[PDB]
Amino acid sequence: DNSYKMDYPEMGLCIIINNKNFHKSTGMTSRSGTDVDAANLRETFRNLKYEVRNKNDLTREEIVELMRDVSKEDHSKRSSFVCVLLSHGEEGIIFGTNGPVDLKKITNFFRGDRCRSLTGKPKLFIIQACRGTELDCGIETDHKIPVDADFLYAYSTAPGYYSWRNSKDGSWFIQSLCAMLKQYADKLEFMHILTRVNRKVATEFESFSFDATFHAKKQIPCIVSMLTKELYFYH
Amino acid sequence: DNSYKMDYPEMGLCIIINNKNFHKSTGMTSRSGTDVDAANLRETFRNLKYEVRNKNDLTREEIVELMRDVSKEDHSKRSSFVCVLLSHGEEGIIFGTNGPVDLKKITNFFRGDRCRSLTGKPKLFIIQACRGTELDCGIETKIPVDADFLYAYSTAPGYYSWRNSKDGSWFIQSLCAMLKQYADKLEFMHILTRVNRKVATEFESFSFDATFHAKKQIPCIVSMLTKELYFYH
């Protein structure tokens with residue numbers, strides 16, 4: 001038994017929180033091309049057999065609340081839990097429409113002692129948001145368990161860095177995560193899928209700008225795993 | 001391709017920074033039994049065919065200076081790079097014998113653009129050090145310059161890291177055990193996943209004082225790798 005039990009009646013919920021438009025008081029631009037991401041996500045996870053629920057333009061208060069409700073549901077019949085966050089952010093932070101929520105505040109609702117029906121089941125958080133402003137110039141070659149266990153955070157960039165979005169095909173990371181889940185969810189283990197995602201983002205993408213500052217910029221996502229087991233979507 | 005090229009003339013360097021004794025001005029206590037870890041790590045990585053270099057009780061300047069030099073070597077004929085840190089720490093920082101060093105400072109020496117002979121090769125950083133003071137109560141029952149890095153932390157962000165003076169630290173004890181048993185079989189991520197399960201299930205703190213009793217720990221895999229990693233073939 002080196003892999004999670006994924007043959008529970010349901011695979012689980014998959015909450016997509018999609019933030020496109022922010023209050024004038026924040027002074028944050030609208031996130032163009034994000035609805036593409038939310039639609040790609042919804043289809044991908046439907047196919048994996050997740051119970052998808054899309055939420056658009058949520059406030060900081062609305063995020064906490066939705067996470068509170070979802071955490072208090074009964075996940076006994078559910079294999080796992082997934083939560084995708086699409087928005088602006090900084091290191092450790094995602095923005096609701098009216099301002100910042102600490103990621104740790106949304107994730108703690110699910111800590112193995114606050115959501116018993118998820119204990120020992122994989123908690124997955126996919127985060128498409130900036131973790132800072134650094135830009136990657138690239139380089140040429142062309143029993144008891146810990147309450148913090150069973151979490152996986154799949155960030156779109158390295159700590160400190162900007163996360164790139166294309167207005168037409170959505171964010172680099174989500175685009176690549178979906179393509180890769182569709183292609184490999186039936187064969188590969190989840191780390192190996194996210195690893196392939198890393199290569200796709202790292203090698204197939206390069207920013208374009210009339211501004212040399214913002215031009216030719218690269219990106220690598222960042223996989224963060226406190227999973228105790230192998231994770232396969234198929235049985 | 002899917003897997004890193006691990007058939008260069010050499011596996012690579014495995015630098016082990018092991019700090020036991022700290023300077024009086026630090027107020028820091030000595031890290032009893034840490035040598036057990038350093039020893040264990042030495043045998044393990046030697047058996048993985050790495051050129052192992054052990055360093056004991058380095059200052060913050062010495063650590064930075066050591067990393068700077070290693071990053072300036074020619075790693076052309078080397079498959080990967082490994083550096084293990086055994087010391088006191090805080091979120092994002094490890095301790096020299098005489099004070100703090102930002103981790104980001106030591107890793108930056110090996111950024112794809114600063115260590116050109118390591119570009120496209122796995123850079124592994126294994127960190128046995130606190131990332132804060134929190135205790136876990138537990139519960140019932142062209143490429144990017146930041147690419148090809150992996151961090152094997154002993155704990156989750158914000159948390160303390162447990163060590164047994166005699167038997168070795170929970171994490172390094174489990175890592176070494178797991179590498180010994182599986183480096184010839186599994187891909188690295190899956191090894192480290194076994195490390196998590198092992199630390200999470202097999203270890204539990206004991207104290208006469210409730211504050212410190214029955215505490216748990218989970219390690220934290222941070223991967224910006226772009227390929228699978230097999231220590232063989």
# chains A, B, ... in the order shown; residues from 1 in each chain; ligands from 1

call {"tool": "interface_residues", "arguments": {"of": "chain A", "to": "chain B", "cutoff": "7 Å", "atoms": "only C-alpha atoms", "output": "PyMOL selection string"}}
result
chain A and resi 112-113+136-149+195-196+198-199+202-203+218-229

call {"tool": "write_last_selection", "arguments": {"atoms": "C-alpha atoms", "output": "PDB file, in the first residue's frame"}}
result
ATOM      1  CA  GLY A 112      -6.241  16.827   9.098  1.00  0.00           C
ATOM      2  CA  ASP A 113      -7.862  17.854  12.417  1.00  0.00           C
ATOM      3  CA  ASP A 136      13.151  34.768 -14.891  1.00  0.00           C
ATOM      4  CA  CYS A 137      15.537  35.858 -17.686  1.00  0.00           C
ATOM      5  CA  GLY A 138      16.250  32.274 -18.605  1.00  0.00           C
ATOM      6  CA  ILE A 139      19.526  30.904 -19.881  1.00  0.00           C
ATOM      7  CA  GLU A 140      20.508  29.377 -23.228  1.00  0.00           C
ATOM      8  CA  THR A 141      20.789  25.755 -24.446  1.00  0.00           C
ATOM      9  CA  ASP A 142      17.560  25.808 -26.573  1.00  0.00           C
ATOM     10  CA  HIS A 143      -1.651   5.572  14.632  1.00  0.00           C
ATOM     11  CA  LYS A 144      -1.342   9.346  14.309  1.00  0.00           C
ATOM     12  CA  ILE A 145      -0.453  11.525  11.335  1.00  0.00           C
ATOM     13  CA  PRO A 146       0.768  15.146  11.125  1.00  0.00           C
ATOM     14  CA  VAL A 147      -2.064  17.586  10.554  1.00  0.00           C
ATOM     15  CA  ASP A 148      -0.030  19.156   7.746  1.00  0.00           C
ATOM     16  CA  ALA A 149       0.279  15.754   5.891  1.00  0.00           C
ATOM     17  CA  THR A 195       6.983  17.103 -13.486  1.00  0.00           C
ATOM     18  CA  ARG A 196       5.977  16.956 -17.197  1.00  0.00           C
ATOM     19  CA  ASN A 198       7.246  21.720 -15.306  1.00  0.00           C
ATOM     20  CA  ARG A 199       9.072  20.827 -18.556  1.00  0.00           C
ATOM     21  CA  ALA A 202       9.899  25.688 -18.804  1.00  0.00           C
ATOM     22  CA  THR A 203      10.643  24.826 -22.440  1.00  0.00           C
ATOM     23  CA  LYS A 218      10.851  32.326 -18.783  1.00  0.00           C
ATOM     24  CA  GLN A 219       8.933  30.390 -16.085  1.00  0.00           C
ATOM     25  CA  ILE A 220       9.102  27.233 -13.944  1.00  0.00           C
ATOM     26  CA  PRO A 221       6.228  26.063 -11.712  1.00  0.00           C
ATOM     27  CA  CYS A 222       6.902  24.777  -8.207  1.00  0.00           C
ATOM     28  CA  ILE A 223       5.565  21.489  -6.873  1.00  0.00           C
ATOM     29  CA  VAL A 224       5.114  21.330  -3.117  1.00  0.00           C
ATOM     30  CA  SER A 225       4.253  17.903  -1.738  1.00  0.00           C
ATOM     31  CA  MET A 226       3.529  16.684   1.768  1.00  0.00           C
ATOM     32  CA  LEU A 227       1.789  13.716   0.212  1.00  0.00           C
ATOM     33  CA  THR A 228       2.523  10.455   1.969  1.00  0.00           C
ATOM     34  CA  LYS A 229       1.552   8.297  -1.027  1.00  0.00           C
TER      35      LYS A 229
END

call {"tool": "residues_around", "arguments": {"residues": "residue 42 (chain B)", "least_positions_apart": "3", "cutoff": "10 Å", "atoms": "only C-alpha atoms", "output": "list in words"}}
result
residues 14, 15, 16, 36, 37, 38, 39, 45, 46, 47, 48, 50, 51, 52, 53, 54 and 176 of chain B

call {"tool": "closest_atom_pairs", "arguments": {"of": "region 119-201 of chain B", "to": "region 77-82 of chain B", "cutoff": "8 Å", "atoms": "only C-alpha atoms", "output": "Markdown table"}}
result
| residue | atom | partner | partner_atom | distance |
| --- | --- | --- | --- | --- |
| B:121 | CA | B:80 | CA | 5.4 |
| B:122 | CA | B:80 | CA | 5.1 |
| B:123 | CA | B:81 | CA | 4.9 |
| B:124 | CA | B:82 | CA | 4.8 |
| B:125 | CA | B:82 | CA | 6.1 |
| B:126 | CA | B:82 | CA | 7.9 |

call {"tool": "closest_atom_pairs", "arguments": {"of": "region 115-184 of chain A", "to": "region 42-57 of chain A", "cutoff": "12 Å", "atoms": "only C-alpha atoms", "output": "tab-separated table"}}
result
residue	atom	partner	partner_atom	distance
A:174	CA	A:44	CA	10.7
A:175	CA	A:44	CA	10.7
A:176	CA	A:44	CA	11.6
A:177	CA	A:44	CA	9.4
A:178	CA	A:44	CA	6.2
A:179	CA	A:44	CA	8.6
A:180	CA	A:44	CA	9.8
A:181	CA	A:44	CA	7.3
A:182	CA	A:44	CA	6.6
A:183	CA	A:44	CA	10.4
A:184	CA	A:48	CA	11.0

call {"tool": "write_last_selection", "arguments": {"atoms": "N, CA, C and O atoms", "output": "short mmCIF file (atom, residue, chain, number, x, y, z; two decimals), in the first residue's frame"}}
result
data_model
loop_
_atom_site.label_atom_id
_atom_site.label_comp_id
_atom_site.auth_asym_id
_atom_site.auth_seq_id
_atom_site.Cartn_x
_atom_site.Cartn_y
_atom_site.Cartn_z
N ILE A 174 -1.71 26.62 -16.22
CA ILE A 174 -3.00 25.91 -16.34
C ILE A 174 -3.17 25.22 -17.69
O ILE A 174 -3.58 24.06 -17.76
N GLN A 175 -2.83 25.95 -18.74
CA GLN A 175 -2.79 25.42 -20.10
C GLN A 175 -2.02 24.09 -20.13
O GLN A 175 -2.53 23.08 -20.64
N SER A 176 -0.83 24.09 -19.55
CA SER A 176 0.05 22.93 -19.52
C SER A 176 -0.42 21.84 -18.56
O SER A 176 -0.25 20.66 -18.84
N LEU A 177 -1.03 22.23 -17.45
CA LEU A 177 -1.53 21.25 -16.49
C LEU A 177 -2.66 20.45 -17.12
O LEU A 177 -2.73 19.23 -16.96
N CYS A 178 -3.53 21.13 -17.85
CA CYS A 178 -4.70 20.49 -18.45
C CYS A 178 -4.29 19.55 -19.56
O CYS A 178 -4.70 18.39 -19.59
N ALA A 179 -3.45 20.05 -20.47
CA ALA A 179 -2.96 19.27 -21.58
C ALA A 179 -2.36 18.01 -21.02
O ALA A 179 -2.61 16.92 -21.52
N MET A 180 -1.60 18.17 -19.95
CA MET A 180 -0.88 17.04 -19.37
C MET A 180 -1.72 16.04 -18.58
O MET A 180 -1.45 14.83 -18.59
N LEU A 181 -2.75 16.55 -17.91
CA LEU A 181 -3.70 15.67 -17.24
C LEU A 181 -4.50 14.84 -18.25
O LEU A 181 -4.65 13.62 -18.09
N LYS A 182 -5.01 15.48 -19.30
CA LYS A 182 -5.71 14.77 -20.37
C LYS A 182 -4.85 13.65 -20.99
O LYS A 182 -5.31 12.53 -21.20
N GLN A 183 -3.59 13.96 -21.24
CA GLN A 183 -2.68 13.01 -21.86
C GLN A 183 -2.22 11.88 -20.93
O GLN A 183 -1.98 10.76 -21.38
N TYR A 184 -2.08 12.15 -19.63
CA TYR A 184 -1.38 11.21 -18.77
C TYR A 184 -2.09 10.77 -17.51
O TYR A 184 -1.59 9.90 -16.81
#

call {"tool": "select_by_dssp", "arguments": {"residues": "region 67-229 of chain A", "states": "strand (DSSP E or B)", "output": "ChimeraX atom specification"}}
result
/A:78,81-86,89-90,93-96,99-102,123-128,134,136,139,144-145,151-155,161,165-166,170-171,218,222-225

call {"tool": "residues_around", "arguments": {"residues": "region 96-109 of chain B", "least_positions_apart": "2", "cutoff": "10 Å", "atoms": "only C-alpha atoms", "output": "number ranges by chain"}}
result
B: 17-28, 30, 56-72, 83, 85, 87-94, 111-115, 123-125, 127, 145-146, 149

call {"tool": "write_last_selection", "arguments": {"atoms": "N, CA and C atoms", "output": "compact mmCIF listing (two decimals), in the first residue's frame"}}
result
# COMPACT_ATOMS: atom_id res chain seq x y z
N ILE B 17 27.32 20.17 4.70
CA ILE B 17 27.64 21.17 5.73
C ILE B 17 26.96 20.77 7.05
N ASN B 18 27.79 20.42 8.03
CA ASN B 18 27.32 19.91 9.29
C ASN B 18 27.78 20.78 10.44
N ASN B 19 26.87 21.58 11.00
CA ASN B 19 27.23 22.48 12.10
C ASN B 19 26.76 22.01 13.48
N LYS B 20 27.73 21.62 14.31
CA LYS B 20 27.49 21.13 15.67
C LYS B 20 27.61 22.21 16.74
N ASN B 21 28.71 22.95 16.72
CA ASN B 21 29.02 23.95 17.75
C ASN B 21 28.86 25.35 17.23
N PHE B 22 28.18 26.19 18.00
CA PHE B 22 27.89 27.55 17.59
C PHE B 22 28.55 28.53 18.54
N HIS B 23 28.83 29.73 18.04
CA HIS B 23 29.59 30.71 18.79
C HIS B 23 28.76 31.30 19.94
N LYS B 24 29.43 31.67 21.03
CA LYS B 24 28.77 32.18 22.23
C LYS B 24 27.82 33.36 21.98
N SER B 25 28.22 34.27 21.09
CA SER B 25 27.41 35.44 20.74
C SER B 25 26.09 35.07 20.05
N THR B 26 25.93 33.79 19.71
CA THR B 26 24.73 33.33 19.01
C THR B 26 23.60 32.95 19.98
N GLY B 27 23.96 32.48 21.17
CA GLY B 27 22.99 32.02 22.15
C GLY B 27 22.42 30.67 21.75
N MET B 28 22.95 30.11 20.67
CA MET B 28 22.47 28.85 20.11
C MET B 28 23.12 27.66 20.78
N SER B 30 24.34 23.62 21.07
CA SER B 30 25.02 22.70 20.19
C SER B 30 24.09 21.57 19.74
N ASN B 56 32.61 20.68 8.53
CA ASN B 56 32.09 20.78 9.89
C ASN B 56 32.25 22.17 10.49
N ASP B 57 31.22 22.63 11.19
CA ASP B 57 31.25 23.91 11.92
C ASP B 57 31.73 25.12 11.08
N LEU B 58 31.01 25.43 10.00
CA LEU B 58 31.34 26.57 9.16
C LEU B 58 30.64 27.85 9.63
N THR B 59 31.32 28.99 9.50
CA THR B 59 30.70 30.28 9.77
C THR B 59 29.78 30.58 8.60
N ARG B 60 28.93 31.59 8.74
CA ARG B 60 28.12 32.07 7.63
C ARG B 60 28.98 32.47 6.39
N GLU B 61 30.07 33.20 6.63
CA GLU B 61 31.04 33.54 5.59
C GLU B 61 31.69 32.31 4.97
N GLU B 62 32.05 31.34 5.79
CA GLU B 62 32.63 30.12 5.28
C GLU B 62 31.68 29.34 4.38
N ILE B 63 30.40 29.28 4.78
CA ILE B 63 29.37 28.60 3.99
C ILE B 63 29.24 29.26 2.63
N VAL B 64 29.06 30.59 2.64
CA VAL B 64 28.91 31.37 1.41
C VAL B 64 30.15 31.22 0.51
N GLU B 65 31.32 31.33 1.12
CA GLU B 65 32.60 31.17 0.45
C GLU B 65 32.78 29.76 -0.11
N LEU B 66 32.28 28.76 0.60
CA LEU B 66 32.41 27.39 0.13
C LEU B 66 31.51 27.15 -1.07
N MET B 67 30.30 27.69 -1.00
CA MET B 67 29.34 27.51 -2.07
C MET B 67 29.77 28.25 -3.32
N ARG B 68 30.31 29.45 -3.13
CA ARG B 68 30.83 30.25 -4.23
C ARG B 68 31.91 29.50 -5.02
N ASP B 69 32.82 28.83 -4.32
CA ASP B 69 33.92 28.08 -4.95
C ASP B 69 33.41 26.85 -5.68
N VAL B 70 32.60 26.05 -5.00
CA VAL B 70 31.98 24.87 -5.61
C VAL B 70 31.19 25.24 -6.87
N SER B 71 30.46 26.35 -6.82
CA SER B 71 29.72 26.80 -7.99
C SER B 71 30.63 27.23 -9.14
N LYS B 72 31.89 27.54 -8.84
CA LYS B 72 32.86 27.96 -9.87
C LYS B 72 33.69 26.80 -10.47
N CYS B 83 23.81 19.11 -2.26
CA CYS B 83 24.30 19.78 -1.05
C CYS B 83 23.32 19.60 0.11
N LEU B 85 22.41 20.37 4.08
CA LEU B 85 22.59 21.33 5.17
C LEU B 85 22.02 20.77 6.49
N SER B 87 21.82 22.00 10.32
CA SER B 87 22.06 23.13 11.20
C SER B 87 20.76 23.64 11.83
N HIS B 88 20.85 24.67 12.68
CA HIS B 88 19.66 25.41 13.12
C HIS B 88 19.17 26.20 11.92
N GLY B 89 17.88 26.52 11.91
CA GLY B 89 17.32 27.36 10.88
C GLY B 89 16.08 28.14 11.27
N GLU B 90 15.57 28.85 10.29
CA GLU B 90 14.32 29.61 10.37
C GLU B 90 13.81 29.58 8.95
N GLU B 91 12.56 29.96 8.75
CA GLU B 91 11.99 30.01 7.42
C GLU B 91 12.97 30.72 6.47
N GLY B 92 13.36 30.01 5.42
CA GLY B 92 14.26 30.53 4.42
C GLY B 92 15.70 30.76 4.86
N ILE B 93 16.05 30.46 6.12
CA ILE B 93 17.43 30.70 6.54
C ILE B 93 18.04 29.50 7.29
N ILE B 94 19.33 29.24 7.07
CA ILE B 94 20.09 28.28 7.86
C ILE B 94 21.21 28.98 8.61
N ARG B 111 22.28 28.93 -9.74
CA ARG B 111 21.26 29.26 -10.73
C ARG B 111 21.80 28.94 -12.12
N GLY B 112 20.94 28.43 -13.00
CA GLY B 112 21.35 28.05 -14.35
C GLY B 112 22.29 29.03 -15.04
N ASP B 113 22.15 30.32 -14.72
CA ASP B 113 22.91 31.38 -15.38
C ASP B 113 24.22 31.75 -14.68
N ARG B 114 24.42 31.22 -13.48
CA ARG B 114 25.62 31.52 -12.71
C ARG B 114 26.55 30.32 -12.61
N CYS B 115 26.00 29.12 -12.81
CA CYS B 115 26.81 27.91 -12.87
C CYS B 115 26.51 27.18 -14.16
N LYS B 123 19.82 19.98 -9.42
CA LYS B 123 20.50 20.58 -8.28
C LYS B 123 19.69 20.30 -7.01
N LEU B 124 20.19 19.40 -6.15
CA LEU B 124 19.40 18.92 -5.03
C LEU B 124 19.88 19.49 -3.72
N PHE B 125 18.96 20.07 -2.96
CA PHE B 125 19.29 20.65 -1.68
C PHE B 125 18.44 19.99 -0.63
N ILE B 127 17.65 19.80 3.30
CA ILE B 127 17.79 20.73 4.42
C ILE B 127 17.23 20.20 5.74
N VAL B 145 16.11 30.03 -15.21
CA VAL B 145 17.29 29.93 -14.35
C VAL B 145 16.95 29.24 -13.04
N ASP B 146 15.69 29.33 -12.62
CA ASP B 146 15.27 28.65 -11.39
C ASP B 146 14.81 27.18 -11.61
N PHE B 149 15.93 22.65 -9.97
CA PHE B 149 16.27 22.66 -8.57
C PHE B 149 15.29 21.75 -7.87

call {"tool": "residues_around", "arguments": {"residues": "region 83-90 of chain A", "least_positions_apart": "3", "cutoff": "6 Å", "atoms": "only C-alpha atoms", "output": "PyMOL selection string"}}
result
chain A and resi 14-19+93-95+125-132

call {"tool": "select_by_dssp", "arguments": {"residues": "region 15-76 of chain B", "states": "alpha helix (DSSP H)", "output": "ChimeraX atom specification"}}
result
/B:34-47,60-72

call {"tool": "atom_distance", "arguments": {"atom1": "CA of residue 72 (chain A)", "atom2": "CA of residue 124 (chain A)"}}
result
16.7 Å

call {"tool": "residues_around", "arguments": {"residues": "residue 128 (chain B)", "least_positions_apart": "2", "cutoff": "8 Å", "atoms": "only C-alpha atoms", "output": "list in words"}}
result
residues 84, 85, 86, 87, 126, 130, 153, 154, 161, 169, 171 and 172 of chain B

call {"tool": "write_last_selection", "arguments": {"atoms": "C-alpha atoms", "output": "tab-separated table (two decimals), in the first residue's frame"}}
result
chain	number	residue	atom	x	y	z
B	84	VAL	CA	23.06	18.78	2.38
B	85	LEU	CA	22.59	21.33	5.17
B	86	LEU	CA	22.49	20.21	8.84
B	87	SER	CA	22.06	23.13	11.20
B	126	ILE	CA	18.46	18.58	1.37
B	130	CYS	CA	13.89	24.28	11.58
B	153	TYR	CA	13.14	20.06	3.52
B	154	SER	CA	12.86	18.15	6.79
B	161	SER	CA	12.31	19.83	12.87
B	169	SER	CA	17.21	13.15	12.87
B	171	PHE	CA	14.18	13.13	8.29
B	172	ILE	CA	17.80	12.21	7.55

call {"tool": "atom_distance", "arguments": {"atom1": "CA of residue 132 (chain B)", "atom2": "CA of residue 40 (chain B)"}}
result
25.1 Å

call {"tool": "closest_residue", "arguments": {"among": "A:205, A:155, A:214, A:164", "to": "residue 31 (chain A)", "atoms": "only C-alpha atoms"}}
result
A:164

call {"tool": "closest_residue", "arguments": {"among": "A:133, A:30, A:211, A:110", "to": "residue 82 (chain A)", "atoms": "only C-alpha atoms"}}
result
A:110

call {"tool": "atom_distance", "arguments": {"atom1": "CA of residue 10 (chain A)", "atom2": "CA of residue 232 (chain A)"}}
result
14.3 Å

call {"tool": "closest_residue", "arguments": {"among": "A:99, A:160, A:170, A:120", "to": "residue 28 (chain A)", "atoms": "only C-alpha atoms"}}
result
A:99

call {"tool": "closest_residue", "arguments": {"among": "B:117, B:160, B:174, B:152", "to": "residue 131 (chain B)", "atoms": "only C-alpha atoms"}}
result
B:160

call {"tool": "decode", "arguments": {"residues": "region 1-27 of chain B", "atoms": "C-alpha atoms", "output": "PDB file, in the first residue's frame"}}
result
ATOM      1  CA  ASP B   1      13.415  13.087 -23.032  1.00  0.00           C
ATOM      2  CA  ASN B   2      11.648  12.131 -19.784  1.00  0.00           C
ATOM      3  CA  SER B   3      14.531  11.273 -17.466  1.00  0.00           C
ATOM      4  CA  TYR B   4      17.706  13.240 -16.576  1.00  0.00           C
ATOM      5  CA  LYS B   5      20.910  12.054 -18.224  1.00  0.00           C
ATOM      6  CA  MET B   6      22.611  10.299 -15.281  1.00  0.00           C
ATOM      7  CA  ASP B   7      25.456   8.572 -17.217  1.00  0.00           C
ATOM      8  CA  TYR B   8      28.082  11.360 -17.299  1.00  0.00           C
ATOM      9  CA  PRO B   9      31.622  10.272 -16.276  1.00  0.00           C
ATOM     10  CA  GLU B  10      30.651  11.251 -12.693  1.00  0.00           C
ATOM     11  CA  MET B  11      27.488  11.485 -10.537  1.00  0.00           C
ATOM     12  CA  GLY B  12      28.644  14.762  -8.973  1.00  0.00           C
ATOM     13  CA  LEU B  13      29.571  16.570  -5.781  1.00  0.00           C
ATOM     14  CA  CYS B  14      27.720  15.952  -2.571  1.00  0.00           C
ATOM     15  CA  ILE B  15      28.678  18.713  -0.181  1.00  0.00           C
ATOM     16  CA  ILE B  16      27.633  18.106   3.433  1.00  0.00           C
ATOM     17  CA  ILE B  17      27.637  21.166   5.734  1.00  0.00           C
ATOM     18  CA  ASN B  18      27.318  19.908   9.287  1.00  0.00           C
ATOM     19  CA  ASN B  19      27.232  22.481  12.099  1.00  0.00           C
ATOM     20  CA  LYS B  20      27.486  21.127  15.666  1.00  0.00           C
ATOM     21  CA  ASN B  21      29.018  23.946  17.753  1.00  0.00           C
ATOM     22  CA  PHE B  22      27.887  27.552  17.589  1.00  0.00           C
ATOM     23  CA  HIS B  23      29.591  30.708  18.792  1.00  0.00           C
ATOM     24  CA  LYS B  24      28.774  32.183  22.233  1.00  0.00           C
ATOM     25  CA  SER B  25      27.412  35.436  20.741  1.00  0.00           C
ATOM     26  CA  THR B  26      24.726  33.328  19.013  1.00  0.00           C
ATOM     27  CA  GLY B  27      22.993  32.021  22.145  1.00  0.00           C
TER      28      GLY B  27
END
